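The chain below stands alone, shown as structure tokens; this is the form deposited without this ligand.
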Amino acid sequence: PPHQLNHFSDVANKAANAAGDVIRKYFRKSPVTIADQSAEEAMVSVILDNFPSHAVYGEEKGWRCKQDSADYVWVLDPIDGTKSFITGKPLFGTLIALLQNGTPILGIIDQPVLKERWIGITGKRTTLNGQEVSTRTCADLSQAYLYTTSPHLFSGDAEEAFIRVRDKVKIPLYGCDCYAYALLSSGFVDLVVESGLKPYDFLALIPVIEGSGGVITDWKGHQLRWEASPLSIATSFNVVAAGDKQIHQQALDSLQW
């Protein structure tokens, strides 16, 4: 297992703290691009000051590393949910993931306006603001509360797949971004289904959801993996996350991907 997780947490939390400071000045005062750049720059200042050998892939400026390669890769998105940010809606989030040879070992979802921070760590239960959180059981897809960001954020076949699961759930809801994954981790949402998600908007979710007892994969039900390198391309993935493995299963059958 990894031995440096507490030290990784402290820098993780400082990165997140520094992103928050930038984000709160620009939220509700184009501010979004200044915010997104400054915030990313703030996080890499912290991460690279504490670990010079480490690499980062940020949503604004891609890969950045001194060395040829690194065993440790920081995948960042300061504002996951730019449309929410632009419209004054405080459900966007800063996402921080640390990858050890391509496996995520830490993830943060921070909401700096709501002052809510979910940390996921390998081999620990996921916490929200220092308190342990847990997904909830849910019998059947008909009992499930579902979130997706948008309906026409699906093209052609993805929209058919999505419709199939949509018709079976208790109620489909829209318009959290990453917050919906935070909510599911805390046991308030049963299922999140999305298409066209870039790595810096899902890698942080994995330890958060998994350490809460939930499951998150692609539409085929495979492990969400993205090996970040200097020669890495941020390509779209499809994501299904559930509080309950039975629900995940059942969702996978409706997706027919």
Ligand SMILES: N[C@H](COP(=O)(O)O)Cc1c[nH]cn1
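Numbering starts at 1 and runs along the sequence shown. Rigid core: the largest C-alpha set superposing within 1.5 Å between the two forms.
In summary, of the stretches 201 to 209 and 52 to 60, 52 to 60 shows the greater Cα distance from the shown form in 4 other deposited structures of this protein, with structures fitted on the rigid core. Looking at 152 to 160 and 67 to 75, the one farther from the shown form in 4 other deposited structures of this protein by average CA distance, after a rigid core fit, turns out to be 152 to 160. Gap between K29 and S30: 10 or more deposited residues without coordinates. Higher mean CA B-factor, judged across 165 to 173 and 90 to 98 from the recorded values: 165 to 173. Relative to one another, 46 to 54 and 227 to 235 have unequal mean CA B-factors, and 227 to 235 is the one with the higher figure.
When the C-alpha B factors of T103, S185, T82, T148 are read from the deposited coordinates, the top value falls at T103. The top Cα temperature factor in the record, among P112, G120, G156, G130, falls on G156. Per the deposited record, the Cα B-factor of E60 falls in the highest third when ranked against the other modelled residues of its chain.
Per the PDB record, residue ranking by Cα B-factor puts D36 in the middle third of the chain. When all modelled residues of the chain are sorted by CA temperature factor, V73 is found within the highest third. Remark: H152 belongs to the highest third of its chain, ranked by C-alpha B-factor as recorded.
The protein also exists as the form solved in complex with this ligand; that form is not presented, and the subsequent description refers to it.
Among the residues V215, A70, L197, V44, the one placing a heavy atom within 4.5 Å of this ligand in the bound PDB entry is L197.
Residue-level contacts in the bound PDB entry: of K170, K83, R164, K124, one residue has a heavy atom within 4.5 Å of this ligand, and it is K83.
Although this ligand is omitted here, in the bound PDB entry all of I79, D177 and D201 have a heavy atom within 4.5 Å of it. In the bound PDB entry, this ligand sits beyond 4.5 Å of every heavy atom of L183. Interface membership of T149, defined by any non-hydrogen atom within 4.5 Å of this ligand in the bound PDB entry, is confirmed. Residue contact check for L153: one or more of its heavy atoms lie within 4.5 Å of this ligand in the bound PDB entry. Stretch 187 to 195 is the answer when you ask which of 50 to 58, 224 to 232, 187 to 195, 206 to 214 has residues with heavy atoms within 4.5 Å of this ligand in the bound PDB entry.
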